[PDB]
Amino acid sequence: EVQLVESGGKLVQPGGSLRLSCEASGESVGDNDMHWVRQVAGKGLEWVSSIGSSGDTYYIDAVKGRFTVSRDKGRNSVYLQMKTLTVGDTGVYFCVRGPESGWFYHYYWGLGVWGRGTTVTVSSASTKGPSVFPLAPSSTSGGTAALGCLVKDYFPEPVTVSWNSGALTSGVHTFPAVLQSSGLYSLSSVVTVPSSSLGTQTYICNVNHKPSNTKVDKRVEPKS
Amino acid sequence: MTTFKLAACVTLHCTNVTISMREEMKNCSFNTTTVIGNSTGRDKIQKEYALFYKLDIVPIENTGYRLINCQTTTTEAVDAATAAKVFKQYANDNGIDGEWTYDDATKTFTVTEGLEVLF
Amino acid sequence: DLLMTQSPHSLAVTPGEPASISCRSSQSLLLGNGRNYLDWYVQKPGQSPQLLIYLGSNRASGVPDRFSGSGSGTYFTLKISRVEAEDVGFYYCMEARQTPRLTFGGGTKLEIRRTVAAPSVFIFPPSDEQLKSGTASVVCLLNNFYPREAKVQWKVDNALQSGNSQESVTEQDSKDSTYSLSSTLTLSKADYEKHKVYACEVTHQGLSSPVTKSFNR
Ligand SMILES: *[C@@H]1O[C@H](CO)[C@@H](O[C@@H]2O[C@H](CO)[C@@H](O[C@@H]3O[C@H](CO[C@H]4O[C@H](CO[C@H]5O[C@H](CO)[C@@H](O)[C@H](O)[C@@H]5O)[C@@H](O)[C@H](O[C@H]5O[C@H](CO)[C@@H](O)[C@H](O)[C@@H]5O)[C@@H]4O)[C@@H](O)[C@H](O[C@H]4O[C@H](CO)[C@@H](O)[C@H](O)[C@@H]4O)[C@@H]3O)[C@H](O)[C@H]2NC(C)=O)[C@H](O)[C@H]1NC(C)=O
Ligand SMILES: *[C@@H]1O[C@H](CO)[C@@H](O[C@@H]2O[C@H](CO)[C@@H](O[C@@H]3O[C@H](CO[C@H]4O[C@H](CO[C@H]5O[C@H](CO)[C@@H](O)[C@H](O)[C@@H]5O)[C@@H](O)[C@H](O[C@H]5O[C@H](CO)[C@@H](O)[C@H](O)[C@@H]5O)[C@@H]4O)[C@@H](O)[C@H](O[C@H]4O[C@H](CO)[C@@H](O)[C@H](O)[C@@H]4O)[C@@H]3O)[C@H](O)[C@H]2NC(C)=O)[C@H](O)[C@H]1NC(C)=O
Ligand SMILES: *[C@@H]1O[C@H](CO)[C@@H](O[C@@H]2O[C@H](CO)[C@@H](O[C@@H]3O[C@H](CO[C@H]4O[C@H](CO)[C@@H](O)[C@H](O)[C@@H]4O)[C@@H](O)[C@H](O[C@H]4O[C@H](CO)[C@@H](O)[C@H](O)[C@@H]4O)[C@@H]3O)[C@H](O)[C@H]2NC(C)=O)[C@H](O)[C@H]1NC(C)=O
Ligand SMILES: *[C@@H]1O[C@H](CO)[C@@H](O)[C@H](O)[C@H]1NC(C)=O
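Residues numbered from 1 in each chain as written, not as in the entry; some residues may be left out. Chains lettered and ligands numbered in written order. Heavy atoms only, no water.

With the PDB entry as reference, chain C is termed VRC38.01 Fab Light Chain, source organism Homo sapiens.

By the naming in the PDB entry, chain A is VRC38.01 Fab Heavy Chain, taken from Homo sapiens.

Is there a simple way to think about the interface of chain A and chain C in this case?
By convention, interface size is frequently given as the accessible area that disappears when the constituent parts associate. Each side of the interface is counted separately: chain A has 48 residues, and chain C has 48 residues. Ranking the residues of chain A by area buried against chain C places A:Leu45, A:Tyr108 and A:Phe175 at the top, with a combined share of 16%. Across the chain A-chain C interface, the total number found is 1 salt bridge. Here C:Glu129 ties to A:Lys218 by a salt bridge, and the two come within 3.5 Å at their closest N and O atoms. Summed over the shared surface of chain A and chain C, the number is 14 residue pairs in polar contact. Contributions of two or more residues to the side of chain A that touches chain C are made by β4 (32–40), β5 (43–51), β6 (57–59), β12 (131–135), β13 (144–154), β15 (172–174), β16 (178–179) and β17 (185–194) of chain A. Counted by class, the side of chain A that touches chain C contains 26 nonpolar, 14 polar and 8 charged residues. (Contact = heavy atoms within 4.5 Å. Buried area = accessible area lost by both parts, 1.4 Å probe. Salt bridge = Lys/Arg side-chain N within 4 Å of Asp/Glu carboxyl O. Polar contact = N/O pair within 3.5 Å; in protein donor to acceptor, adjacent residues only side chain to side chain. Helix = DSSP H or I, 4+ residues; strand = E, 2+ residues; numbered from the N terminus. Nonpolar A, V, L, I, M, F, W, Y, C, P; charged D, E, K, R; others polar.)

I tried to follow the state of the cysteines on my own but got confused; where do I start?
By definition, a disulfide links the sulfur atoms of two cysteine residues through a covalent bond. Residues and elements named next belong to chain A. Tallied over the full model, the rule gives 6 disulfides over all chains. Disulfide pairing places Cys22 opposite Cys95 at an S-S distance of 2.0 Å. Across the S-S bond of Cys22 and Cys95 the torsion is about -75°, and the bridge reads as left-handed. Within this pair, whereas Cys22 is found in strand β3 (residues 18–25), its partner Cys95 is found in strand β9 (residues 91–100), the two being separated by 73 residues in sequence. Just as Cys22 is buried, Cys95 falls in that class too. (Disulfide = S-S within 2.5 Å. Buried < 20%, exposed > 50% of the residue type's maximum accessible area, 1.4 Å probe, protein only.)

Help me out: how do you make sense of the site of ligand 3 in this one?
All names here are of chain B. In the region of ligand 3, the neighbouring residues are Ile36, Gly37, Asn38, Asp43 and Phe119. A distance of 2.3 Å separates an oxygen atom of ligand 3 from a polar side-chain atom of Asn38. If ligand 3 stood free it would expose 1,000 Å²; the protein chains cover 18% of that surface. Looking at the shell around ligand 3 residue by residue, the class counts come to 2 nonpolar, 2 polar and 1 charged. (Near = heavy atom within 4 Å. Areas by Shrake-Rupley, 256 points an atom, 1.4 Å probe, with all protein chains shown as cover.)

When you look at the domain arrangement of chain C in this model, what are you seeing that I'm missing?
Residues and elements named next belong to chain C. By domain assignment, chain C separates into domain 1 (1–113) and domain 2 (114–217). Contacts between domain 1 and domain 2 engage 8 residues on the former and 8 residues on the latter. Summing the contributions of domain 1 and of domain 2, the shared interface buries around 640 Å²; its carbon and sulfur component is 44%. It is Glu111, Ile112 and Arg113 in domain 1 that bury the most area against domain 2; as a group they hold 53% of the surface buried on that side. (Domains from an automatic or database assignment.)

Mind showing me how you'd approach the layout of surface pockets here?
To find leftover empty space, a probe the size of one water molecule is rolled over the atoms. All names here are of chain B. Space inside the second largest pocket adds up to approximately 460 Å³. Lining the second largest pocket are 19 residues, and of these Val35, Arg42, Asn94, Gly95 and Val117 sit closest to its centre. Of the residues assigned to the lining of the second largest pocket, the class counts are 7 nonpolar, 7 polar and 5 charged. (1 Å grid on protein atoms, 1.4 Å probe; cavity = no way out; pocket = protein on both sides within 12 Å on 5 of 7 lines; lining within 4 Å. Points joined across faces, edges and corners; volume = space filled by probe spheres on them.)

What should I look at first to understand the pattern of salt bridges in this one?
When the charged atoms of two side chains with opposite charge come close together, those side chains can pair. Summed over all chains, the structure comprises 18 salt bridges over all chains. With its nearest N and O atoms 3.4 Å apart, the salt bridge here joins A:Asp31 to B:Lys44. Placement of A:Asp31 in the loop between β3 and β4 and of B:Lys44 in the loop between β3 (25–32) and β4 (46–53) is noted, with the two residues assigned to different chains. Residue B:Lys44 is classed as exposed on the basis of its relative accessible area, which comes to 57%. Close ionic contact of C:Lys109 with C:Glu111 constitutes a salt bridge, the shortest N to O distance being 3.3 Å. Take C:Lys109 and C:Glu111: they sit in the same class, and that class is buried. Here the salt bridges share partners, and the residues they tie into one network are A:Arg38, A:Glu46, A:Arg66 and A:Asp89.

Encoded structure:
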């Protein structure tokens, strides 16, 4: 059973360079075509590059001459060196295991194995940890009560939000991040709970934004 | 005792030739390896392709093709039940497993390998 | 180069009924072996893509027989005979004739239809903690509603707001088939303390008329 793990994605200045990695676990991918495909805003797919078993490489015209792909069969890994980056290169990058090179005319079974993806952000903006404010339950009723917490003014993505260290999942809505006019992101995480539990249950929203090394636990309690 | 045969064929995956006319030849892949008999241990399997004609190729009707004449090997036994044990043991000793089929009209055990071990 | 065009961009279907999606290539995908090199993939919310159909019409391992692919040459169609809630997500076709070079279609959004559900509206004022830092964010929440279309307007002292609010909507809940939406009005501390009455006004198909929530600072 193969598993792909991409890494190296981070915030980089325009014109800078960055090195992406695809680690294969559980099998050798030495004789397989390996592909790099990007996706913007978790929506849409664009094939970017590929490398064959013999080291032959293939690129789209928009990145030709600027991106270079390589692989290490002793390490069972693939790498993507990128230089003179532009804002058009921002996006999530997936590494995909393809068929064995050159044999597709006889054996083709589709693109079976995909990595988790690594996030690339091309911007001159600085890394900024978010401010987390409670969205406390209000005189928000109707048998069911709603409460939440607000993650405001952070950069770049991603932010992860759990509730009570992941113990609370039912009724949870974590909204997609929205880019503010300032260039910083913001999002909210909300949960609906029995109105009767507000006095007895502690509600803590757990935000992790590792790009800024921010780990925040927020207590959420009634206001008045 | 009767004399029984054991045809050891290799599974060929044939396809039409690409754009290139002689349109009765074929493009066909198969698997191959090479090992050492007394050390053993087994080794990585390489793939390979070649071209043949529709004559040398016979499919098993499923679309697995094979050669028309394979590596035969015979013995002398009483009935089919004994030559079964003997030949299966022989194939387990010499690294052959695959499509076992017994043609009684010719006393032949056709086994398709899908692999080609060598020593 | 080569181009792959999907249609439609999105569709909503009632569970149990079929769905049909079309992928058209600018060039023929049939090769000398008589197999068409066209695949169908699905990407569910929060997950990586996973193969559905390979080589035009062959179901991938683990895929139930409700899914079928047809077509040839330059026109291909993916059909789901009976849609279930678990099928919501994004569907992409992919050409592999140029292997190792590939081209994906634009993708098609598959949503699930259900009965109209009116939103549960809540309003949250800014916390004193945020007010300290010089900013005030007011949040208006629409919870578990369908369909997704809804208009939220902000009013400060009965003055309609524009340009100072942003909305975010969840993907359809793959279990109850509802949406949730947030509208955030962001003001400075001084501006927030200049006014008294704050309200969000919600218009939705499930409501007989717009619903207004408000509070006094
Ligand atoms: C020479 O040796 C090779 C290697 O053994 C052999 O290749 C096999 O060929 C047969 C058919 O000839 C294949 O059978 C088909 O398999 C299809 C599924 O293939 C995909 O899934 C495979 C599953 O493996 C996963 O699970 C195992 C089990 O736990 C796990 O170990 C693995 O690690 C993995 O997680 C996968 O291995 C396979 O990988 C191939 O393809 C990818 C992409 O091209 C490539 O990256 C790999 O390197 C490899 O080439 C692939 O991802 C299945 O859909 C298909 O079903 C259709 O056909 C059958 C009948 O053929 C119908 O019954 C069915 O209804 C469908 O119509 C079929 O079952 C088998 O998968 C191959 N295995 C490999 C490893 O390649 C060659 O055949 C040998 N040659 C000869 C002449 O014998
Ligand atoms: C019968 O069927 C066979 C199939 O088994 C077919 O032979 C193959 O046909 C396909 C399609 O034409 C060829 O696929 C092309 O591959 C191009 C890249 O090739 C590189 O990789 C190949 C696979 O690597 C294997 O072999 C190497 C050993 O060389 C090994 O290290 C690997 O690990 C792996 O095992 C390799 O064979 C190939 O070798 C070439 O170069 C070496 C010199 O380094 C030389 O020794 C060889 O003789 C050969 O010239 C090379 O290393 C790939 O770029 C190409 O796709 C491009 O062109 C298409 C055209 O439109 C574009 O669409 C695409 O975007 C790319 O730009 C194509 O995919 C395959 O290489 C053939 N050979 C094989 C598989 O061994 C026969 O032609 C068929 N015959 C008939 C009559 O039908
Ligand atoms: C029947 O049995 C005899 C031995 O009893 C085998 O002869 C042996 O053959 C193996 C395989 O060729 C040899 O093992 C190989 O040794 C290489 C180095 O050999 C030197 O060192 C040894 C030990 O000191 C000396 O005895 C020898 O004379 C040489 O001076 C290694 O480099 C080999 O590893 C590499 O090649 C193999 C090839 O498959 C790869 O798989 C490996 O990954 C690696 O790349 C290998 O280990 C062994 O040395 C031989 N013995 C003798 C006494 O010479 C016969 O081969 C065997 N039957 C058959 C059919 O071969
Ligand atoms: C391959 O060619 C033969 C004749 O040479 C023909 O009968 C067959 O239909 C062809 N196969 C495909 C897939 O076109």
